[PDB]
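Sequence order for the protein chains is B and A. Sequential numbering from 18 applies to the first sequence in the deposited numbering. Sequential numbering from 20 applies to the second sequence in the deposited numbering. Think of the CB as a built atom: it goes at the ideal place given N, C-alpha and C, for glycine as much as any other residue. Worksheet: one structure, shown below.
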Amino acid sequence: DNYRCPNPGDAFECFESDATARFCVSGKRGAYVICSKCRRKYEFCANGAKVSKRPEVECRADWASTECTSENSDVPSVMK
Amino acid sequence: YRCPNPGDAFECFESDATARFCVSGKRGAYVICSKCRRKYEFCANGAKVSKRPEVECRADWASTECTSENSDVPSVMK
């Protein structure tokens, strides 16, 4: 892969530099808010989700104040 | 990493036992605790982590108390 995305079943190796960063991403499973840069890269690789150009539209007007939980933050050690 | 075949051991190393997940599959949408239980739900019930947890489960799905019912995983896949 061009973006260095792992193939399904391979290791997901990402060094986190901003865990509390919120991102409204939009891909194959819809648009939703995630937390951390590693989760943002995981969403790009697993669901083709890119960072939304209209976050207020796709997610919520208060998408940046979303609480970071294990559900919207964690990345699997292995690409699903 | 694959789901075990029926009769095979469900062997999973837990890294976040208290993590809550609203999952939605063949038996509906409900809150489970732990990454190993989340993988079990995917293998047994085709349950994937919900993109609308407040919709599918509850607005307070993340405050759900973790119990043996919503956390435990069978040792052998059926």
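What three-state label does DSSP hand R39 (chain A) in the structure shown?
Residue state, collapsed to three classes: strand.
Contacts around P25 (chain A), its chain only, beta-carbon distance under 8 Å, and the 5 residues preceding and following it disregarded
If we look at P25 (chain A) and ignore the five residues flanking it on each side, its Cβ neighbours are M96, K97.
What is the DSSP secondary structure of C52 (chain B), reduced to helix, strand or coil?
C52 (chain B) carries a strand assignment under DSSP once its states are collapsed to helix, strand and coil.
Whole-angstrom C-beta distance between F29 (chain A) and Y49 (chain A), which should lie under 8 Å
Going by Cβ atoms, the distance from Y49 (chain A) to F29 (chain A) rounds to 19 Å, so no, they are not a contact pair.
Backbone CA spacing between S69 (chain A) and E75 (chain A) [nearest angstrom]:
So the alpha carbons of these two residues sit roughly 7 Å apart.
Should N89 (chain B) be labelled buried (16 or more other beta-carbon atoms within 10 Å of its own) or exposed?
By the neighbour-count definition (other C-beta atoms within 10 Å, threshold 16), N89 (chain B) is a buried residue.
Mapping the DSSP letters down to three states, classify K67 (chain A) as helix, strand or coil.
Note: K67 (chain A) maps to strand in three-state DSSP.
For the alpha helix (DSSP H) that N89 (chain B) lies in, which residues bound it at each end?
87-90 is the extent of the alpha helix (DSSP H) around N89 (chain B).
CB-CB under 8 Å to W80 (chain A), same chain, minus the five flanking residues each way: which ones, in chain order?
If we look at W80 (chain A) and ignore the five residues flanking it on each side, its Cβ neighbours are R39, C41, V50, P72, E73.
Expressed to the nearest angstrom, what Euclidean distance is found between the alpha-carbon atoms of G47 (chain A) and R21 (chain B)?
Whole-angstrom Cα-Cα distance: 35 Å.
Considering only residues of the same chain and omitting the five flanking positions on each side of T37 (chain A), which have a CB-CB separation below 8 Å?
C52, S53, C85, listed in sequence order.
Specify the secondary structure class of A81 (chain B) as computed by DSSP and reduced to three states.
The answer is helix: DSSP assigns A81 (chain B) an H, G or I state.
Rounded to whole angstroms, what is the Cα-Cα separation between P23 (chain A) and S82 (chain B)?
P23 (chain A) and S82 (chain B) have their alpha carbons spaced roughly 39 Å apart.
Below 9 Å between beta carbons is the criterion; list the residues of the stretch 33-44 of chain A that meet it against any residue of chain B, in chain order.
Within the stretch 33-44 of chain A, the residues whose Cβ lies closer than 9 Å to some Cβ of chain B are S34, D35, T37, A38, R39, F40, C41, listed in chain order.
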